[PDB]
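This is what each chain is made of:
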Amino acid sequence: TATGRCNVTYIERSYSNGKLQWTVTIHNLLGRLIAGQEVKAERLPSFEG
Amino acid sequence: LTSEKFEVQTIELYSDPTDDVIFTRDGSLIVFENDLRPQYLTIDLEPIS
C-alpha cells in the first residue's frame, strides 16, 4: 500500500462467503496498515489484493 | 464469474500420461504416501484356483 511493502513467507486461505480468504504470512511492516489500502504486489504487476 | 460460488480450494487435477513412466523435474517431486491420502492408490486382486 501507501504505507509500505513487506514480504510474505506463505499464505493460507480459508472460507468466508465462498470467496476464499487468503491469510498470508509476513516478516515485517512498512507504514501503518489500514483496512482499505491500495494494494499491489512488489514483485508482480499483474496481481491485485 | 468469481470465486464465492465456488467451494473447495485444493483440487486434485486428473490426467493420463502418454507415458508409462513419470518425470520429476524442478520442484516437480513425486510422492506416494497412503494414510494421509488413500484415495489415489487402490490395489485389487482376483484369487485364482
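What this report covers is the structure whose coordinates are included nearby. (Residues numbered from 1 in each chain as written, not as in the entry; some residues may be left out. Chains lettered and ligands numbered in written order. Part of a larger assembly, values for the part shown. Heavy atoms only, no water.)

## Comments concerning the pairing of strand β2 (residues 19-23) of chain A
Taken residue by residue, a regular strand's side chains alternate between the two faces of the sheet. Residue and element names in this part refer to chain A. Bridge count between strand β1 (residues 12-16) and β2: five bridges; the pairing is antiparallel. Looking at β2, one finds that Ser14 is bridged to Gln21. What sits between the antiparallel neighbours β1 and β2 is a turn of two residues, in which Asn17 has the positive phi angle 65 degrees. (Pairing = 2+ DSSP bridges. Helix = DSSP H or I, 4+ residues; strand = E, 2+ residues; numbered from the N terminus.)

## Structural notes on the interface of chain B and chain A
Facing the seven residues of chain B at the interface are six residues of chain A. When chain B packs against chain A, the two sides together hide about 540 Å² of surface, and 43% of this comes from carbon and sulfur. Ranking the residues of chain B by area buried against chain A places B:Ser3, B:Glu4 and B:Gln9 at the top, with a combined share of 73%. Our enumeration of links across chain B and chain A arrives at one salt bridge. B:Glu4 is the salt-bridge partner of A:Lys19, the closest N and O atoms lying 3.9 Å from each other. Linking chain B with chain A are four residue pairs in polar contact. (Contact = heavy atoms within 4.5 Å. Buried area = accessible area lost by both parts, 1.4 Å probe. Salt bridge = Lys/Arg side-chain N within 4 Å of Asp/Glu carboxyl O. Polar contact = N/O pair within 3.5 Å; in protein donor to acceptor, adjacent residues only side chain to side chain.)

## Overview of a nonpolar patch on the surface
Residue and element names in this part refer to chain A. Side chains of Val8, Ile11, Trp22, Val24, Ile26, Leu29 and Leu33 sit close together on the surface and give an oily, nonpolar patch of about 640 Å² of accessible area. Relative to the helices and strands, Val24 is located in the segment after β2. Among the residues examined, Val24 registers a relative accessible area of 40% and is labelled partly exposed. (Patch = residues over 30% accessible without salt bridge, like charges linked within 9 Å, V, L, I, M, F, W, Y side chains within 5 Å. Areas by Shrake-Rupley, 256 points an atom, 1.4 Å probe, with all protein chains shown as cover. Buried < 20%, exposed > 50% of the residue type's maximum accessible area, 1.4 Å probe, protein only.)

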